[PDB]
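Here's the structure, in structure tokens; my notes come after.
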Amino acid sequence: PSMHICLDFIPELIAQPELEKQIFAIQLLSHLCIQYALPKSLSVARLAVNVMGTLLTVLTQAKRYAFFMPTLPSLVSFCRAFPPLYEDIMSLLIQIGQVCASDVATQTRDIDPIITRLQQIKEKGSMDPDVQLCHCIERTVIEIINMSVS
Amino acid sequence: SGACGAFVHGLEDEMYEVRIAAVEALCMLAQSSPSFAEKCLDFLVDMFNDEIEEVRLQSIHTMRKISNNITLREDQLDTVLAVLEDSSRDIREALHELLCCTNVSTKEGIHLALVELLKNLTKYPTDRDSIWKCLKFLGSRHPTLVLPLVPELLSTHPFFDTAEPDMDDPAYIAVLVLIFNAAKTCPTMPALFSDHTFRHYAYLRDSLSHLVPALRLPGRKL
Amino acid sequence: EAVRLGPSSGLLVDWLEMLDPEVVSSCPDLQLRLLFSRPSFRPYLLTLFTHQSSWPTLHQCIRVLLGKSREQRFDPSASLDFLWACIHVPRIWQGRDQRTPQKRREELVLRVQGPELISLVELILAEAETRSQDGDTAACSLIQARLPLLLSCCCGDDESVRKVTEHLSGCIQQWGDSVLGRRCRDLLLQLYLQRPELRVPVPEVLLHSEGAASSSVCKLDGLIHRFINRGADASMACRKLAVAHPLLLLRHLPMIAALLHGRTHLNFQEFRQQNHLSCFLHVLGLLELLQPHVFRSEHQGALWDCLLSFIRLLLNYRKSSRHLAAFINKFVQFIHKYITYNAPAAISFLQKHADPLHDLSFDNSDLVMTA
Amino acid sequence: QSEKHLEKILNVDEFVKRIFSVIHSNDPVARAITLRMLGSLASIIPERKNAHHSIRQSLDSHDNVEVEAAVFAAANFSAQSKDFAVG
């Protein structure tokens, strides 16, 4: 029960030059928001969404993949805990998606996930990192939609 | 064949010793005949600004004796303001007994009466028992009229669940007991409750039973 | 188990906890028969087996007790609170914060299997048919009390779907309509359960989780009607929920009938923008979309007659029939309600006898007498 | 230890407030010590509703020492305070 105090050093943990510290801070804040619901928690979650959105344009592909693979369930839990953030998250997701839409078309692939736009989700191996990131984005959006609709 | 008045011309004519007899005849004729009340309640309400300590209590009495098959939509402000103009130590209990046995048309009158009782509580905390009893009677009379007002009385948030009020606050226990008394015949009362409302009901029910009734909450037992 | 030792029985109980550390240690069948049978020291031995047995043995006892078996080798009266104690063992919750769960969905649950849950619900519905002196309301209270653990042991949409699709036959001591109607607590959106509940027509006061959203939508619609972007879900989501889940609207009709009571205050009906024409048309359309629900069973007249009196007062206090489509829609709804059932007319005649003396025109005499 | 010298206290409200201001912490040992202290003061404040509510809330807490302290305080406050007994 003494985990809420960790919020007081969650932003300080974000402003770190190491990507692992930032990912861990984002995940810890995600769990704290899915556990505790406070206006301060909402402010820290908004700051985390902002610092995640500003890190999309200052990271290379090899770092973008490793930074945005674990941190998408964090956005899912942020949506589950804070309704008013929905739009922002969606916008953010869209941006990231479009970035991936430009990363897959750059180099030739083996599965070609571009034509898979007209596909549906099926309830419920070794691939390309960009294709894996696209699939992770799609899956997290599906979970967000299923949580908000139900 | 009737070609006279003495009903709308016999009130504001002379000293109140005849006004008392007039309102006595009025309540005596309204008790027997079930009709005639919908057209005399306006006249019985608008006679409150009489600046006389005698006509006020008599108006409370004649309204309490006719508190049946009557409505109240906008005539409440002219009959409730008798507690702010002066102390009226012996008239306040009569006014509270009147306000609880009557019926309210819409929820606006309920909200007005509630905020006025909260003002009387925060200004005069020496008669909290009468306030709790009148709120109990009001909740037992018509519990539906407060259903669209449950999330508006207590401070609740759909995704925050914070700002817990004080336990021993004489301002929140009144709303709590009113909700608990209106929770008797409501189909889905705990659908809009907060997290601490269940434990507040569990504590108030086991401490006192003359104001908080028994419910069927899923958290509680028996 | 055989001798009827009155006073010395407790002494034997001592020998059950002095030379026998684990209950299921020597013979499982005899101990299972002694604990769960078809006496006095039963709760003490149950507490001993709950707080003194190892976890593999406890899971084995749970899986052999809740298994598919019609031999009646286990008492469900003890099985229910045994499972409730095994789920709420104080060692499982050692020192975490007191009473801070997520009311939207419980995460920490006890996972079960298909046939295990099937046998569990079977024995639950079977033992709840005795009714020696409980009556009818006590059975519903017991079902509501044991519903939390029933929803906690499954924790899944597939399990809920498998539960709602299993409806037994018979006509004596069914007790299945209550369980099929209890789906409103889990916010179930299955059409089969809704159809079964509509066919059963069983009125229940069960606490629903989706009732809060309906109440909030109704309050928002009322506020938007009384004030005049909030009008989007005020007229499009309400009727959708009505045509999809009519039971929720039928149960919320009490608090809806208490609204729109501003007709007696403002008798002009010509200067109001939406506080006298929007909400009335909305509730009239909601009642029109529930033709099969207007002629339903009892426990709804207190709302039906209230809505009828409100509509009559709104029509009488109108500015000499200021609305044409609303009056025709109300007349059509009244005719459909009188043709679908005879109780609606017998209950509304007391108000019609007085309403027929207000208009006395060619409009009120319609029901009073393509492709 | 000093129980007989407890009724000769002039300022009781401030003392009880300073004692109770530490029961809202998240430390279970601190809450248990506060409950034991309140139970030790069950001879001078048998009508404080805040103490009754605290004992009622912390009686079914997820702990081991706080539950025992709540039981001790409940026995002390049930010796006197008929209302606490019936509650």
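Identifiers in this document derive from the order of the structure tokens: chains are assigned A, B, ..., residues are numbered from 1 separately in each chain, and ligands are numbered from 1 in order of occurrence.
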task: Would you list the contacts of residue 150 of chain A as a PyMOL selection string, taking every protein, DNA or RNA residue within 10 Å and counting only C-alpha atoms, but skipping same-chain residues closer than 4 positions in sequence?
output: (chain A and resi 144-146) or (chain C and resi 187-189)
Exercise: residue 46 of chain B partners within 9 Å, only C-alpha atoms, chain neighbours under 2 positions left out, as a ChimeraX atom specification: /B:41-44,48-49,75,78-79
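The space between atom CA of residue 200 of chain B and atom CA of residue 87 of chain D spans 13.1 Å.
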task: Give as number ranges by chain every residue of chain B that touches chain C within 7 Å, counting only C-alpha atoms.
output: B: 73, 105-106, 144-145, 147-148, 187-188, 191-192, 218
If you keep N, CA and C atoms, can you produce a file of those selected residues as a PDB file, in the first residue's frame?
ATOM      1  N   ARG B  73     -45.299  22.737  -6.282  1.00  0.00           N
ATOM      2  CA  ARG B  73     -44.374  22.913  -7.394  1.00  0.00           C
ATOM      3  C   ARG B  73     -43.517  24.163  -7.261  1.00  0.00           C
ATOM      4  N   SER B 105     -43.584  18.053  -6.139  1.00  0.00           N
ATOM      5  CA  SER B 105     -43.887  17.674  -7.516  1.00  0.00           C
ATOM      6  C   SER B 105     -42.632  17.240  -8.266  1.00  0.00           C
ATOM      7  N   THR B 106     -41.631  18.109  -8.327  1.00  0.00           N
ATOM      8  CA  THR B 106     -40.400  17.852  -9.060  1.00  0.00           C
ATOM      9  C   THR B 106     -39.226  17.735  -8.091  1.00  0.00           C
ATOM     10  N   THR B 144     -38.855   8.156  -4.989  1.00  0.00           N
ATOM     11  CA  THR B 144     -38.522   8.221  -6.409  1.00  0.00           C
ATOM     12  C   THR B 144     -38.019   9.606  -6.800  1.00  0.00           C
ATOM     13  N   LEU B 145     -38.571  10.656  -6.186  1.00  0.00           N
ATOM     14  CA  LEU B 145     -38.224  12.025  -6.554  1.00  0.00           C
ATOM     15  C   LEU B 145     -36.760  12.359  -6.301  1.00  0.00           C
ATOM     16  N   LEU B 147     -34.313   9.914  -6.901  1.00  0.00           N
ATOM     17  CA  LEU B 147     -33.509   9.024  -7.739  1.00  0.00           C
ATOM     18  C   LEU B 147     -32.687   9.764  -8.789  1.00  0.00           C
ATOM     19  N   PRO B 148     -33.218  10.740  -9.531  1.00  0.00           N
ATOM     20  CA  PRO B 148     -32.373  11.500 -10.461  1.00  0.00           C
ATOM     21  C   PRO B 148     -31.446  12.506  -9.796  1.00  0.00           C
ATOM     22  N   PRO B 187     -35.464   0.203  -7.081  1.00  0.00           N
ATOM     23  CA  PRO B 187     -35.020  -1.043  -7.724  1.00  0.00           C
ATOM     24  C   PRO B 187     -33.513  -1.245  -7.668  1.00  0.00           C
ATOM     25  N   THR B 188     -32.744  -0.271  -8.169  1.00  0.00           N
ATOM     26  CA  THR B 188     -31.280  -0.343  -8.190  1.00  0.00           C
ATOM     27  C   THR B 188     -30.735   0.923  -7.530  1.00  0.00           C
ATOM     28  N   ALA B 191     -26.429   1.096  -7.456  1.00  0.00           N
ATOM     29  CA  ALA B 191     -25.778   1.222  -8.754  1.00  0.00           C
ATOM     30  C   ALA B 191     -25.019   2.535  -8.896  1.00  0.00           C
ATOM     31  N   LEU B 192     -25.378   3.556  -8.119  1.00  0.00           N
ATOM     32  CA  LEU B 192     -24.735   4.861  -8.189  1.00  0.00           C
ATOM     33  C   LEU B 192     -23.980   5.214  -6.913  1.00  0.00           C
ATOM     34  N   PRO B 218     -25.535  -5.905  -1.717  1.00  0.00           N
ATOM     35  CA  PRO B 218     -24.788  -7.159  -1.887  1.00  0.00           C
ATOM     36  C   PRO B 218     -23.573  -7.262  -0.983  1.00  0.00           C
TER      37      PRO B 218
END
message: Distance limit 9 Å, atoms considered: only C-alpha atoms. Which chain A residues sit that close to chain C? Return them as a PyMOL selection string.
response: chain A and resi 1+34-35+150
Written file, previous selection with N, CA, C and O atoms, as a compact mmCIF listing (two decimals), in the first residue's frame:
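Final output, saved to again-v7.txt:
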# COMPACT_ATOMS: atom_id res chain seq x y z
N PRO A 1 0.80 -1.23 0.00
CA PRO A 1 0.00 0.00 0.00
C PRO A 1 0.83 1.28 0.00
O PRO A 1 0.25 2.36 -0.16
N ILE A 34 -3.71 2.08 -13.11
CA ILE A 34 -4.73 1.04 -13.13
C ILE A 34 -5.08 0.59 -11.72
O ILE A 34 -6.13 -0.04 -11.52
N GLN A 35 -4.24 0.90 -10.73
CA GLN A 35 -4.54 0.61 -9.33
C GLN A 35 -5.12 1.82 -8.60
O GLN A 35 -6.19 1.71 -7.99
N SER A 150 -16.84 -2.77 -23.96
CA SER A 150 -17.38 -3.67 -22.95
C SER A 150 -16.85 -3.31 -21.56
O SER A 150 -17.55 -2.70 -20.76
task: May I ask you to extract the residues of chain A within 10 Å of chain B, using only C-alpha atoms, and to give them as a PyMOL selection string?
output: chain A and resi 36-39+41-42+80-84
Restrict the selected residues to C-alpha atoms and save them as a JSON list (two decimals), in the first residue's frame.
[["chain", "number", "residue", "atom", "x", "y", "z"],
["A", 36, "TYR", "CA", -4.89, 4.18, -8.00],
["A", 37, "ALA", "CA", -7.10, 6.88, -9.55],
["A", 38, "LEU", "CA", -6.10, 10.41, -8.52],
["A", 39, "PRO", "CA", -5.85, 13.79, -10.28],
["A", 41, "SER", "CA", -1.99, 10.31, -11.25],
["A", 42, "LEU", "CA", -3.87, 11.71, -14.25],
["A", 80, "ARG", "CA", -8.70, 1.81, -19.13],
["A", 81, "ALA", "CA", -8.05, 4.07, -16.12],
["A", 82, "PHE", "CA", -8.47, 7.56, -17.65],
["A", 83, "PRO", "CA", -11.31, 8.03, -20.16],
["A", 84, "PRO", "CA", -10.51, 11.68, -21.06]]
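Nearest residue to chain B, choosing from D:54, D:2, D:73, D:68 and counting only C-alpha atoms: D:54.
The list of residues with at least one atom within 12 Å of residue 281 of chain C, based on only C-alpha atoms and without residues fewer than 2 positions apart in the same chain, reads residues 225, 234, 235, 260, 274, 275, 276, 277, 278, 279, 283, 284, 285, 286, 287, 288, 311, 314, 315, 323, 324, 325, 326, 327, 328, 329 and 330 of chain C.
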- request: Pull out every residue of chain D sitting within 12 Å of chain A, counting only C-alpha atoms, and send them as a list in words.
  value: residues 25, 26, 27, 28 and 62 of chain D
message: Show me, as a list in words, every residue of chain D with an atom at most 8 Å from chain C, counting only C-alpha atoms.
response: residues 61, 62, 63 and 64 of chain D
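For the atom pair formed by atom CA of residue 56 of chain C and atom CA of residue 44 of chain C, the distance is 21.2 Å, given to one decimal.
Selecting chain B residues within 8 Å of chain D and counting only C-alpha atoms yields residues 167, 168, 203, 206 and 207 of chain B.
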Could those selected residues go to a file with C-alpha atoms, as a CSV table (one decimal), in the first residue's frame?
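Okay, again.csv is ready:
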chain,number,residue,atom,x,y,z
B,167,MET,CA,-17.4,11.0,9.0
B,168,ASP,CA,-18.7,13.0,12.0
B,203,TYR,CA,-21.7,1.6,10.4
B,206,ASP,CA,-25.5,-1.2,13.3
B,207,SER,CA,-25.2,2.0,15.4
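The nearest approach to residue 54 of chain B among the residues B:15, B:98, B:219, B:31, with only C-alpha atoms taken into account, belongs to B:15.
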